[PDB]
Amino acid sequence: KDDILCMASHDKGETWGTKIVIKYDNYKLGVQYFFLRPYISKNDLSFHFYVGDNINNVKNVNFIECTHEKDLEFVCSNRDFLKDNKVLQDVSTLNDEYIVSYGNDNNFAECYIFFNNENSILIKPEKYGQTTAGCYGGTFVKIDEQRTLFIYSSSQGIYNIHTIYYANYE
């Protein structure tokens, strides 16, 4: 009855006999997940995926966090990143805190980056020319606990690379 399922390997991919169980006790039945992928950091397991069961048929990011039960069975739970006037995009972590990507609307004229939901930076991609350049597909590529890239392809051929340093103290 588990909608999400992982087979897993501790022999570096030689064999995939291990089974990791994901109890995502969600409210809704028959809901299709798209582009599912696990976000992993140190101990923690999480998932990033899309759902399209909304009015506009537009796909919408969901991000669920998991903790532990058995050695192979995790219990996950949706994480609220909802934010008025912005659309949830990509998710990463710098230093056990979430860094989160958002578009202004579903057309990614702009992208905002939030640090621990407490500070934010604006990314206004320059136009390729006569046509609008968005940040559709902007994702994070983490370097270490203070540095991550945010890359997106304004248009085909062109890769916009944002190098990001962040540190929160006290």
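Note that residue numbering follows the sequence shown and begins at 1.
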With reference to the PDB entry, specify whether the mean Cα temperature factor is higher for 45 to 53 or for 119 to 127.
119 to 127
Which is higher in the entry, the mean Cα B factor of 128 to 136 or that of 62 to 70?
128 to 136
Based on the entry's values, in what third of the chain does the Cα temperature factor of residue 144 lie: lowest, middle or highest?
lowest
Residue 29: which third of its chain by C-alpha temperature factor?
highest
Third of the chain, ranked by Cα B-factor, where residue 104 sits
middle
